[PDB]
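Report on one structure; see the data block that follows.
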Amino acid sequence: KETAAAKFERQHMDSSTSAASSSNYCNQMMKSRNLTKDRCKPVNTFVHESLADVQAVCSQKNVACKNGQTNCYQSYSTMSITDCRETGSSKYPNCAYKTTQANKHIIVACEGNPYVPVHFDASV
């Protein structure tokens, strides 16, 4: 299978870039990371910081998760991120996305031993 920690890395981590490339970034990345295989995923966020910095968020500001659980953490410093959102002309298998770069605080849900990120909750 694929672990929850590995799934977080595939869906939300992109340390290779300092800040997202083109307006075509999300179109390429959502396809490359297998997020458009079964269905075009409505929304997704990629984090451009190192894995160590994102994993460190699990020891940061404890906040409530959107679903009501208590295992969500907010980053103290702002992080370089990219928001991908599905357009209107987007029809499966040709999924089209809008690329938006930003520097916001990230909120992730952490689980396991070691305590690592498993879900991206929000960006504030």
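So you can find residues: chains in the structure tokens are A, B, ... in the order shown, residues in each start at 1, and ligands are numbered from 1 in order.
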Within 7 Å of residue A:81, counting only C-alpha atoms, which residues qualify if same-chain residues fewer than 5 places away don't, as a count of residues only?
-> 8
Within 10 Å of residue A:61 using only C-alpha atoms, minus same-chain residues under 4 positions, as number ranges by chain | A: 57, 72-76, 107
Would you export the selected residues with C-alpha atoms as a PDB file, in the first residue's frame, please?
ATOM      1  CA  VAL A  57       4.887  21.865  12.362  1.00  0.00           C
ATOM      2  CA  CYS A  72      -4.116  19.999  13.991  1.00  0.00           C
ATOM      3  CA  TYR A  73      -1.088  22.250  14.074  1.00  0.00           C
ATOM      4  CA  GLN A  74      -0.445  25.726  12.684  1.00  0.00           C
ATOM      5  CA  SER A  75       3.017  26.940  11.585  1.00  0.00           C
ATOM      6  CA  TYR A  76       4.457  29.883  13.544  1.00  0.00           C
ATOM      7  CA  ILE A 107      -2.380  23.934   9.231  1.00  0.00           C
TER       8      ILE A 107
END
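For the pair atom CA of residue A:35 and atom CA of residue A:50, the separation is 21.3 Å.
Within the 10 Å cut-off around residue A:9, using only C-alpha atoms and omitting residues fewer than 4 positions from it on the same chain, the listed residues are residues 3, 4, 5, 13, 14, 33, 46, 47, 51, 117, 118 and 119 of chain A.
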Those selected residues, please, written with C-alpha atoms and delivered as a tab-separated table (two decimals), in the first residue's frame.
chain	number	residue	atom	x	y	z
A	3	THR	CA	1.35	5.00	4.20
A	4	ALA	CA	-0.53	8.14	5.32
A	5	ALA	CA	2.80	9.98	5.75
A	13	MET	CA	5.15	18.42	-0.78
A	14	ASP	CA	7.22	20.11	-3.51
A	33	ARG	CA	1.34	13.36	-8.47
A	46	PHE	CA	1.64	22.20	-2.47
A	47	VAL	CA	4.21	23.34	0.14
A	51	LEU	CA	10.33	18.14	4.64
A	117	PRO	CA	1.81	15.20	8.95
A	118	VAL	CA	-0.94	13.07	7.35
A	119	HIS	CA	-3.49	15.67	6.16
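Distances from A:15, A:32, A:25, A:121 to residue A:68 were compared using only C-alpha atoms, and the smallest one belongs to A:121.
Ranking A:55, A:16, A:82, A:94 by their shortest atom-to-atom distance to residue A:31, with only C-alpha atoms included, puts A:94 first.
Across the structure, atom CA of residue A:23 and atom CA of residue A:37 are spaced 21.0 Å apart.
If you look at atom CA of residue A:122 and atom CA of residue A:106, they are 6.1 Å away from each other.
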Determine, counting only C-alpha atoms, which protein, DNA and RNA residues have an atom within 6 Å of an atom of residue A:105; residues of the same chain fewer than 6 positions away are not included. Present the result as a VMD selection string.
-> chain A and resid 75 78 to 79 123 to 124
Resulting file, chosen residues, C-alpha atoms, as a compact mmCIF listing (two decimals), in the first residue's frame:
# COMPACT_ATOMS: atom_id res chain seq x y z
CA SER A 75 3.02 26.94 11.59
CA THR A 78 4.64 31.81 6.99
CA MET A 79 5.49 29.18 4.35
CA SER A 123 -3.78 27.83 4.97
CA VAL A 124 -4.29 31.08 6.94
Chain A: residues DSSP assigns to strand (DSSP E), reported as a ChimeraX atom specification = /A:43-47,61-63,72-74,79-86,97-104,106-111,116-123
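For the choices A:77, A:17, A:1, A:71, the atom-to-atom distance to residue A:108 is smallest for A:71 when using only C-alpha atoms.
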Just list the residues in chain A DSSP gives alpha helix (DSSP H) on the backbone, as a PyMOL selection string.
-> chain A and resi 4-12+25-32+51-55
Include N, CA and C atoms and write out the residues we just selected as a PDB file, in the first residue's frame.
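This went into again01.pdb:
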ATOM      1  N   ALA A   4       0.108   6.822   5.229  1.00  0.00           N
ATOM      2  CA  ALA A   4      -0.530   8.136   5.322  1.00  0.00           C
ATOM      3  C   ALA A   4       0.489   9.275   5.236  1.00  0.00           C
ATOM      4  N   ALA A   5       1.688   9.018   5.761  1.00  0.00           N
ATOM      5  CA  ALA A   5       2.796   9.975   5.752  1.00  0.00           C
ATOM      6  C   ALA A   5       3.336  10.131   4.336  1.00  0.00           C
ATOM      7  N   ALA A   6       3.419   9.009   3.614  1.00  0.00           N
ATOM      8  CA  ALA A   6       3.901   8.978   2.229  1.00  0.00           C
ATOM      9  C   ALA A   6       2.898   9.648   1.292  1.00  0.00           C
ATOM     10  N   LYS A   7       1.611   9.476   1.600  1.00  0.00           N
ATOM     11  CA  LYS A   7       0.512  10.066   0.832  1.00  0.00           C
ATOM     12  C   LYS A   7       0.522  11.589   0.992  1.00  0.00           C
ATOM     13  N   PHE A   8       0.883  12.071   2.189  1.00  0.00           N
ATOM     14  CA  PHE A   8       0.968  13.516   2.451  1.00  0.00           C
ATOM     15  C   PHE A   8       2.076  14.106   1.578  1.00  0.00           C
ATOM     16  N   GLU A   9       3.218  13.415   1.535  1.00  0.00           N
ATOM     17  CA  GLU A   9       4.375  13.841   0.753  1.00  0.00           C
ATOM     18  C   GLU A   9       4.086  13.921  -0.744  1.00  0.00           C
ATOM     19  N   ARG A  10       3.329  12.945  -1.245  1.00  0.00           N
ATOM     20  CA  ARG A  10       2.954  12.888  -2.658  1.00  0.00           C
ATOM     21  C   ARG A  10       1.925  13.964  -3.032  1.00  0.00           C
ATOM     22  N   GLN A  11       0.934  14.180  -2.169  1.00  0.00           N
ATOM     23  CA  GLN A  11      -0.119  15.161  -2.443  1.00  0.00           C
ATOM     24  C   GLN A  11       0.215  16.608  -2.104  1.00  0.00           C
ATOM     25  N   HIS A  12       1.053  16.819  -1.088  1.00  0.00           N
ATOM     26  CA  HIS A  12       1.339  18.177  -0.611  1.00  0.00           C
ATOM     27  C   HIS A  12       2.752  18.744  -0.560  1.00  0.00           C
ATOM     28  N   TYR A  25       1.694  25.185 -13.826  1.00  0.00           N
ATOM     29  CA  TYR A  25       2.258  24.389 -12.719  1.00  0.00           C
ATOM     30  C   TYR A  25       1.280  23.341 -12.179  1.00  0.00           C
ATOM     31  N   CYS A  26       0.095  23.798 -11.775  1.00  0.00           N
ATOM     32  CA  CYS A  26      -0.939  22.924 -11.227  1.00  0.00           C
ATOM     33  C   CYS A  26      -1.473  21.902 -12.227  1.00  0.00           C
ATOM     34  N   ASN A  27      -1.525  22.265 -13.511  1.00  0.00           N
ATOM     35  CA  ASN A  27      -1.998  21.352 -14.562  1.00  0.00           C
ATOM     36  C   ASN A  27      -1.068  20.144 -14.691  1.00  0.00           C
ATOM     37  N   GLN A  28       0.236  20.414 -14.604  1.00  0.00           N
ATOM     38  CA  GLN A  28       1.280  19.394 -14.703  1.00  0.00           C
ATOM     39  C   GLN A  28       1.449  18.600 -13.410  1.00  0.00           C
ATOM     40  N   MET A  29       1.532  19.315 -12.287  1.00  0.00           N
ATOM     41  CA  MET A  29       1.722  18.712 -10.963  1.00  0.00           C
ATOM     42  C   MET A  29       0.601  17.842 -10.430  1.00  0.00           C
ATOM     43  N   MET A  30      -0.648  18.230 -10.693  1.00  0.00           N
ATOM     44  CA  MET A  30      -1.808  17.452 -10.248  1.00  0.00           C
ATOM     45  C   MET A  30      -1.899  16.134 -11.018  1.00  0.00           C
ATOM     46  N   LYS A  31      -1.363  16.126 -12.241  1.00  0.00           N
ATOM     47  CA  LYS A  31      -1.346  14.936 -13.091  1.00  0.00           C
ATOM     48  C   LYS A  31      -0.159  14.039 -12.716  1.00  0.00           C
ATOM     49  N   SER A  32       1.004  14.657 -12.495  1.00  0.00           N
ATOM     50  CA  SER A  32       2.244  13.952 -12.136  1.00  0.00           C
ATOM     51  C   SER A  32       2.193  13.266 -10.769  1.00  0.00           C
ATOM     52  N   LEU A  51      11.134  19.118   3.900  1.00  0.00           N
ATOM     53  CA  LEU A  51      10.333  18.136   4.642  1.00  0.00           C
ATOM     54  C   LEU A  51      10.520  18.294   6.155  1.00  0.00           C
ATOM     55  N   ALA A  52      11.749  18.625   6.564  1.00  0.00           N
ATOM     56  CA  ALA A  52      12.098  18.832   7.970  1.00  0.00           C
ATOM     57  C   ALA A  52      11.296  19.987   8.579  1.00  0.00           C
ATOM     58  N   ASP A  53      11.151  21.079   7.820  1.00  0.00           N
ATOM     59  CA  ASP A  53      10.398  22.253   8.270  1.00  0.00           C
ATOM     60  C   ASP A  53       8.892  21.988   8.385  1.00  0.00           C
ATOM     61  N   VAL A  54       8.358  21.179   7.469  1.00  0.00           N
ATOM     62  CA  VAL A  54       6.934  20.832   7.478  1.00  0.00           C
ATOM     63  C   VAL A  54       6.654  19.800   8.577  1.00  0.00           C
ATOM     64  N   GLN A  55       7.578  18.854   8.772  1.00  0.00           N
ATOM     65  CA  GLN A  55       7.427  17.842   9.826  1.00  0.00           C
ATOM     66  C   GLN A  55       7.495  18.491  11.211  1.00  0.00           C
TER      67      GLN A  55
END
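Closest to residue A:70 among A:20, A:109, A:98, A:56 is A:109, based on only C-alpha atoms.
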